[PDB]
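One chain is shown next in C-alpha cells, namely the form deposited in one PDB entry.
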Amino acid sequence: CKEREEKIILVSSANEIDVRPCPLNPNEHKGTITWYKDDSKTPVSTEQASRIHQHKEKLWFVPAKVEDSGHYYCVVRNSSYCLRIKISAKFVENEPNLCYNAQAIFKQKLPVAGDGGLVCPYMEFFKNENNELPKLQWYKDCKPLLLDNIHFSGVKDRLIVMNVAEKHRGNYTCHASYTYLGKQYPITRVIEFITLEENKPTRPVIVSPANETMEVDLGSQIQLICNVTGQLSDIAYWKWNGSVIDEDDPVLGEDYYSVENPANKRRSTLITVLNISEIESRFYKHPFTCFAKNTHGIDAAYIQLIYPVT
C-alpha cells in the first residue's frame, strides 16, 4: 500500500479538544480517507460520540488524554491507489506551576508585518463554529490580556501588540472554548514572542520536504519537489551523501524554478525538483536533503527513501 511517515511530532496540550487532518498532497488528495491507532486494526470509530472518533476526514480527540500519545495512520484508498501515513502525536499536561508545558510551545519561522502579529496557529478546523472563528481570549506569561486596543488588540485569530515602551518578551497563550454536544472544552496555543525584527533576520523556510520517509521500489523512478518560501534571491538546492547533485550526474537531475509573489516580494516560493530516472539500492542508505541559503541563515529539511517492507 506504500507507507509514508511524518518524522516530526506535533506536541499539544492534553485534556483539550484536538484535531489531526491528513497531511496530504496534490495528486493524492482523492476519495476516501481512513484513520487508525498504532498498527493496523479496526479504524477509529466514526461513531460521533466516543472520545476518539473520525469526522469530516479528520481525527478528533475530544477530551484528548495523555494516554493517547503515539502513532496514528491515515489511508487514502481511491480505487487504483492507496496511501498509508504515520504521523506521531504527543499530548502533554502542564509543568508544575505553569499554565503550559514547554514541549507544546510554538515559534514562528517567518514573521508578519507589525510590532505584533501573533497568530493562534492550528485553529482552522475550529473555525467550524458556524463559519466564524470563536472569540479568542489572550494571555502573556499566564496573566490575562485586556484587548482594549491601546496596549493589545484582538482580531480574528491574530493578536496585535502595540508599540509601548515595554518589553514584549513572553510566552503568549491563545484560548478558545469549542462547544461540542452541549458541553465545551478548551483549545490553547502558546507562541513565544521575541525581538528579532525590523531589518531582515528572515532566513528562507523550506515548506515542502518535511523530515519524512517515503517507501519506493528499486525499479521505479520518482521526482522530489523542494518548496521554499523566501525572497527571489534565496537559493534552493538538493544534496545527498553530503554532496550537491552533480551537474552531469546520469540518473539524478536538478531543475530550479521560481514563482514570484505579486502580493509580497519577501514571501515568494522557490521550487527545485530533483528528478530520479531510476531508484538505486545506494539511495536507500542516506536521506535526500533540500537546502536554502540567504546569508541570514540556512534552512534544511529531508525525505528518506526506504526499501518496501517484507
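From 1 onward, residues are counted along the sequence shown.
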message: Across the other PDB entries of this protein that model residues on both sides of residue 79, is it left without coordinates in at least a third of them?
response: yes
message: Which is higher on mean Cα B factor in this entry, 243 to 251 or 66 to 74?
response: 243 to 251
- prompt: Do the C-alpha atoms of 34 to 42 or of 55 to 63 have the higher average B factor in the entry?
  reply: 34 to 42
- prompt: Say you rank 294, 289, 12, 15 by Cα B-factor from the PDB entry; which sits at the top?
  reply: 294
field: Identity of residue with top Cα B-factor, from 144, 230, 170, 117
entry: 117
query: In terms of the chain's CA B-factor thirds, is residue 22 lowest, middle or highest?
result: highest
message: Where does the C-alpha B-factor of residue 208 rank in its chain, lowest, middle or highest third?
response: middle
- line: Split the chain's modelled residues into thirds by Cα B-factor; residue 111 lands in the highest
- prompt: Compared with the other modelled residues in the chain, in which third is the CA B-factor of residue 121?
  reply: lowest
Within-chain third of residue 153 by Cα B-factor, per the entry: lowest
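Below: the form deposited in another entry, not depicted.
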- request: Decide, with the chain treated as two rigid parts between this form and the one not shown, if residue 177 and residue 264 are on the same side of the split.
  value: no
message: residue 114 and residue 121: their C-alpha distance differs by 3 angstroms or more in the other form. Do they come closer or move farther apart compared with the shown form?
response: farther
query: Which is it in the other form for the CA atoms of residue 124 and residue 28, closer or farther than here, knowing they shift by 3 Å or more?
result: closer
